[PDB]
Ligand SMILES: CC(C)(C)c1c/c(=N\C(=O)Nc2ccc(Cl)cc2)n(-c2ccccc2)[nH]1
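Shown here is one chain on its own, the form solved without the ligand, set out as structure tokens.
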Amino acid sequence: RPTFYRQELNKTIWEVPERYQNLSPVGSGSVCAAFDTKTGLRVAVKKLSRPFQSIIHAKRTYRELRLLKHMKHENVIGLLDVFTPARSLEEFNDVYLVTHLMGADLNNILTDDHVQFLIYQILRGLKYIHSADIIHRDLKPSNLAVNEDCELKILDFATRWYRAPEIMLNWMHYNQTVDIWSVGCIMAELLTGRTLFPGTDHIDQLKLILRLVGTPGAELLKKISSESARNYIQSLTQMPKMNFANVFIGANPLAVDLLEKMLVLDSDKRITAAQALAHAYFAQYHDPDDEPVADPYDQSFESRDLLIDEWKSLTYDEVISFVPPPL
């Protein structure tokens, strides 16, 4: 067991191993930048807020730790460390997660060669995440961290602007390509400097999407199980799919083509992350021998209904069994 030291930061007491120095608040649970004396690198230390106050929080804490412990990929945030000051399960109340400090998010931060490299890395990270049967579900520029030489990592598994239309419309059985929709929205915004679909609410959001991609055809309508959803669709004035070359004028034609394959209303026909990596737009980065998949991820706990102290004990287990990665 390491030696801890305590301090007050903003309104919170932080108790962390002496390993971590120079704690400096970055955001509010709450995050501090720190200096990792073991590695010489800067890290982000997140202190979770009320991690076990309810069943829902307890399961969410467990879920976040399990996910972070699983991710081992250059384009996905991974867990450098996890610790608690508690010496036993009985006094276990606080959880700290340690990750690489990334420079800035993509919302803060383009040339076509920069868009190529950034979207390539997102898709590389998504191929990995999707191969574990994990769906990010909330991809957006603020969930994409980039450092100064344009290396990107996905973290944190308006919001609505990047959300797949089948999620807006409340479909229960959506697939992993909801994330590809988000990548398409992000890529469009990097190419044009403008939010693709800046809807004011959920109905406006769908109206903006349908203006670009067109109203569903009969091929899509015959797969829609909801009578109300089918009628809503067939009630709107049919819009033709717009020609993407017209909308994204002057963009690299290969980028227009990939956007056409990502921003498809029918998610059965939307391109996958693995397929997108092989698209000609990424010709100078694509390496099928260096786009790895993930180990299988046991998601069975999602279907379980447990007590607060049970989720809490399972989380404690995962803290104790954590093995730091090689330096």
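Each residue number is its position in the shown sequence, starting from 1. If you superpose the two forms and keep the largest set of C-alpha atoms that fall within 1.5 Å, you have the rigid core.
Comparing 1-9 and 317-325 where Cα RMS over structures and residues is taken in 9 other deposited structures of this protein (core fit), larger one: Of 1-9 and 317-325, the stretch deviating more in 9 other deposited structures of this protein is 1-9.
Which of 70-78 and 198-206 strays further in 9 other deposited structures of this protein - Cα RMS after rigid core alignment: The stretch that sits farther from the shown form in 9 other deposited structures of this protein is 198-206.
Absent coordinates for residue 107 in a third or more of other compared entries: Modelled in all the others, so no.
Residue 116 not built in a third or more of the other entries: Across the compared entries, residue 116 is modelled every time.
Gap size between residue 158 and residue 157, counted in deposited residues that the entry leaves unmodelled: Missing in between: 10 or more residues.
Residue 39-residue 40 interval: deposited residues absent from the model: Per the deposited record, the segment joining residue 39 and residue 40 has no missing residues.
Of 40-48 and 264-272, the stretch whose C-alpha atoms average the higher B-factor in the entry: Comparing 40-48 with 264-272, the higher average CA B-factor belongs to 40-48.
Higher-scoring stretch by recorded Cα B factor average, 293-301 or 30-38: Going by the record's values, the stretch with the higher mean is 30-38.
Among 185, 82, 236, 150 - the residue whose C-alpha B-factor is largest in the record: Of 185, 82, 236, 150, 236 has the highest C-alpha B-factor.
Criterion, highest CA B-factor; candidates, 199, 217, 141, 125: Comparing C-alpha B-factors across 199, 217, 141, 125, the top value belongs to 217.
Third of chain Cα B-factors occupied by residue 14: Highest third, going by the recorded CA B-factors of the chain.
Position of residue 132 among the chain's modelled residues by C-alpha B-factor, lowest, middle or highest third: For residue 132, the deposited C-alpha B-factor lands in the lowest third.
Third of chain Cα B-factors occupied by residue 170: Within its chain, residue 170 is a highest-third residue by C-alpha B-factor, going by the deposited values.
For residue 101, the third of its chain into which the C-alpha B factor falls: Highest third.
Residue 177 by Cα B-factor - lowest, middle or highest third of the modelled chain: Answer is lowest: the recorded C-alpha B-factor places it there.
Keep in mind the form deposited with the ligand bound is missing from the figure; the text below concerns it.
Clash check, the ligand transplanted in the deposited complex by site C-alpha superposition, 2.4 Å backbone/C-beta: With the ligand superposed from its pose in the deposited complex, the site reads as blocked.
Segment that reaches the ligand in the deposited complex - one of 248-256, 184-192, 134-142, 114-122, heavy atoms within 4.5 Å: Checking each option against the 4.5 Å cut-off leaves 134-142.
Distance check, residue 60 to the ligand in the deposited complex, heavy atom within 4.5 Å: Flag for residue 60 set to yes.
In the deposited complex, residue 261 touching the ligand (heavy atom, 4.5 Å): So residue 261 does not count as contacting the ligand.
Residue 74: touches the ligand in the deposited complex, heavy atom cutoff 4.5 angstroms: Output for residue 74 is no: heavy atoms all beyond 4.5 Å of the ligand.
Contact test in the deposited complex: residue 156 vs the ligand, heavy atoms, 4.5 Å: Result yes; residue 156 sits at the interface with the ligand in the deposited complex.
Within 4.5 Å of the ligand in the deposited complex: residues from 37-52 (heavy atom criterion): Result: 44, 45, 46.
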